[PDB]
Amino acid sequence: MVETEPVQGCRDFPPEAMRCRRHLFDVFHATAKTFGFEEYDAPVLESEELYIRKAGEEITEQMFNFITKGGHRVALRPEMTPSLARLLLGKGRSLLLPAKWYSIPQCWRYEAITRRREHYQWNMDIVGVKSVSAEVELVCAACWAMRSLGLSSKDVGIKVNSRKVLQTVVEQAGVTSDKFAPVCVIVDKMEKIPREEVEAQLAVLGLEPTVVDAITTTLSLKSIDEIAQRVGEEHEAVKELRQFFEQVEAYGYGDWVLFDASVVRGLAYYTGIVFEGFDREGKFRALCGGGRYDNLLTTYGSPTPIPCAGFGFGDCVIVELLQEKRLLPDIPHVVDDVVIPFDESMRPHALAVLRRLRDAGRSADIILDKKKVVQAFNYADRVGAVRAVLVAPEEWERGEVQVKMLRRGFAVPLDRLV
């Protein structure tokens, strides 16, 4: 007896579960199409060199990696953004900007807590757009998908902030910019852990209380006005946030978005606006997350800087949420027609009827093994047949077949079936 359970921390998708998965993914695809993005994909396997960012990120701590027999260090992608940029660099100047690329890759992490080791992540990125109009498009896409699954501005939101704010606090206070990204990582873990633990974890990177307290204060500012008092309306993070909120208002999604100076995200490459989907009952971790990352491509060796922004939207939390709101009922399998031979002698004919139904775009099954009509009808019910088509010898001589709608069973000519 072989092991039926899957590999540690992975998921099987038998039909029922796969229909839930499809319900979700169809939304990601439709939203992408609505917003005008183009699909792409890259190998699940990447060179390990692609991810070592030296910022102390939780994503680079828990990487599912190994060695090919041929010696090359490779990894199951923990995320898609580095792969995207690998494609964008490959294209060079034959890349046409602006580009709006999306994908639904499965991504992989490794842990000792026997926790999931995989998830599917919708990725949406806009490449080659300087202005916050891209973030606006991105957030609006996030919200569209959410409403498409049947969530409202009363159920979820999008918290927004800009790392440029903290960028200045750290620059003015006298800390070399190399220390910045690792700080964002530490400051991102604020609600999750104590306050004295963060300040000690910051102090470890060579930062005195004056410099640390400035950081504490600026995360717990509640408005843009308060950000303005702290760094002026002159500040570009302020103009960007104002423009961002103005454009999302105009698009019609003002009720979905709000400012939150605590939001930094845990990844290193974000440089400007950042955002984080959340549920309004405070029950769940983030629904999705993204931001602007203007330097990643410079860092990958692009001769000229390429502005980007995008987000990830995982398959785990959104499902947990939809399930709580009872917006993910099991959809049962359907099929238009189940062709039923009265007996084996009728099989050849039933096969020609089966041909016609399919030829006309209908979905159809035919009873495969020898079985009684009554068992065949039971089978039709089980598989969600809208209609049973009985093929009996008597009707066949007349050029007819019996048809029963499942939601007597009337005689019908061949030609009127379709």
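Position 1 is the first residue in the sequence shown; the rest follow in order. By rigid core we mean the largest C-alpha set that fits within 1.5 Å across both forms.
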Review point. Once the rigid core is matched, which of the two stretches, 64-72 or 24-32, lies farther off on average in 8 other deposited structures of this protein by C-alpha?
Key: 64-72
Exercise for review: Going by root mean square C-alpha distance after a core fit, say whether 140-148 or 195-203 is farther from the shown form in 8 other deposited structures of this protein.
Suggested key: 195-203
Review point. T114: absent from a third or more of the other PDB entries compared?
Key: yes
Review point. Of the other entries that cover residues on both sides, do at least a third skip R398?
Key: no
**Study point:** Unresolved deposited residues in the interval that joins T114 and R115
**Key:** 1 to 3
Check your understanding: Averaged over C-alpha atoms, is the B-factor higher for 314-322 or for 223-231 in this PDB entry?
Key -> 223-231
Exercise for review: Using only the Cα atoms and their B-factors as the entry lists them, report which of 203-211 and 161-169 averages higher.
Suggested key: 203-211
Check your understanding: Which is it among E240, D279, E197, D336: the one with the largest CA B-factor in the entry?
Key -> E197
Revision key, fill the gap. Based on the PDB entry, the highest CA temperature factor among the options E49, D41, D365, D359 is that of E49
Study note, to complete from the structure: Here the Cα B-factor of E61, set against its chain, lands in the third termed highest
Review point. C-alpha B factor of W101, ranked within the chain: lowest, middle or highest third?
Key: lowest
Practice item. Tell me, lowest, middle or highest third: where does the Cα B factor of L406 rank within its chain? Key: highest
**Study point:** Record-listed C-alpha B factor of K192: chain third
**Key:** highest
**Study point:** Third of chain Cα B-factors occupied by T68
**Key:** highest
